[PDB]
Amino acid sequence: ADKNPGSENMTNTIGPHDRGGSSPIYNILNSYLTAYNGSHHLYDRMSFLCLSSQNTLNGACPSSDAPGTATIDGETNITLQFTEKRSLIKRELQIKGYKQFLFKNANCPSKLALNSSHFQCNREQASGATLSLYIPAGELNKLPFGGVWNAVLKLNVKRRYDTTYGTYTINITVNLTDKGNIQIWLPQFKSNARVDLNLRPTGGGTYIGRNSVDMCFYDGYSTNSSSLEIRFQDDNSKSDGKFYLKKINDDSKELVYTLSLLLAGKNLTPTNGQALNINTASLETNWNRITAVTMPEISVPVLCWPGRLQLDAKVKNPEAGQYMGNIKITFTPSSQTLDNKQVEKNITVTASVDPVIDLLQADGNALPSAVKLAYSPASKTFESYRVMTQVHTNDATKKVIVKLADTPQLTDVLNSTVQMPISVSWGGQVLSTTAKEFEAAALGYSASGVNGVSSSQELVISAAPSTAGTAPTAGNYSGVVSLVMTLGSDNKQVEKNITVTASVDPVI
């Protein structure tokens, strides 16, 4: 019926619309009645003015009375500022507006500019007016990226400038997704991401390593997504939450490692194949220059969630050599609205275990650092030191090269020129400064027992008077046996220094 003009508050929610397609026309108001009076012609001159002709905050368009009495036919162009909710980035879009006059006894539905003065229809003054506003086709394409874009259009409702009836405040929210561009972004790798665990030996066969991979999760929506679904899975599907690298030259041997995701504030502990569901309300974000996966283009930095994937490994006695595995990362940002697909990223993980070798007693106990040969005044001989040893190595397919660092001698502690030769033998072989080689096949390695532990080999350290048939000169004797053991082609080695002593009392 009749309607008196006044302030109105309205709301429009456009979308969700995807950047992947050109946007259609969106109606905001379609012939909305602003004023009508059937008995009097109070509202025959309704006009709508923006609050500025150039300032775009709440819409820029004519903000003052029209020049003459001549009506301005057509529509009004309004430049209106949109602000993305999370990023605060602004862009100006065009809104189209017009009004139409209502008459009691005739119809003249011409479209007029918002500030156009009145016109008579078949010689009769208008009785009221309606307002129309719309967003033209393609306008959404001007938004640089997905997010929640807000604008607040304000129009003053007036006769001429000195009369004010109120204000129309129209809140427009555009939910703009960009599903084609959701991605896990790794700043260091445009493709082929790789990390090495950087294993290092700490002792006792233990290897420890740690490394990290930076990654940003981007929802093609300015981080407006309420939750993230993130999964780390490793292509060694044996049901259990562990991650393994496999040895490159022997897929029966593995190396365990753990993942830890330091995500924009939150610390998570991914297990193999277990999807993490993370609330975003609490997560920090980051600007990054993430380009488009395919189309459409993203020409300006966007907001994403920054994370660091830390890999840790603490292993005991792994075989030597190169190891490799894969981590598949899948990610699905929450789009409550409709079926939001999964994206992925792969990371090749490698590690390297250094060839190592040690010589232990068969006991598993360390070789002494000092030995004392017992002397017999009756036979005038020294008792030999004998011990069963076993080589412990993490590369049991290699030769073992054994030698002495120098020709050892028992030297009189108080007389440099008085000396007895020390003889050393190992695994049934007399040693010298000239190396001898033991093939790995003849070392009796146990495929069934423990990896890299040799079968027993006898170490024998002996000494005897320099000249056969003669008695050792009385005194105290000392000398060093330096046993050096090397792997083959793996240029690593171990050196066991054994201090050898003996005492020959005087004849009396």
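Quick note: we count residues from 1 along the sequence shown, nothing fancier.
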{"item": "Stretch with the greater mean C-alpha B-factor as recorded in the entry, comparing 123-131 against 238-246", "value": "238-246"}
{"item": "Of 330-338 and 375-383, the one with larger mean CA B-factor", "value": "330-338"}
{"item": "Which of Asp395, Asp219, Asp412, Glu437 ranks first by CA B-factor in the deposited coordinates", "value": "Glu437"}
{"item": "Peak C-alpha temperature factor (PDB record), options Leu51, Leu33, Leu459, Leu42", "value": "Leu42"}
{"item": "Ranked against its chain, the third holding the CA B-factor of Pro201", "value": "highest"}
{"item": "Modelled-residue ranking by C-alpha temperature factor, third containing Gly325", "value": "lowest"}
{"item": "Chain thirds of CA B-factor: placement of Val494", "value": "middle"}
{"item": "Relative C-alpha B-factor of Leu140, binned into the chain's lowest, middle or highest third", "value": "middle"}
{"item": "B-factor third for the C-alpha atom of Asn286 within its chain", "value": "middle"}
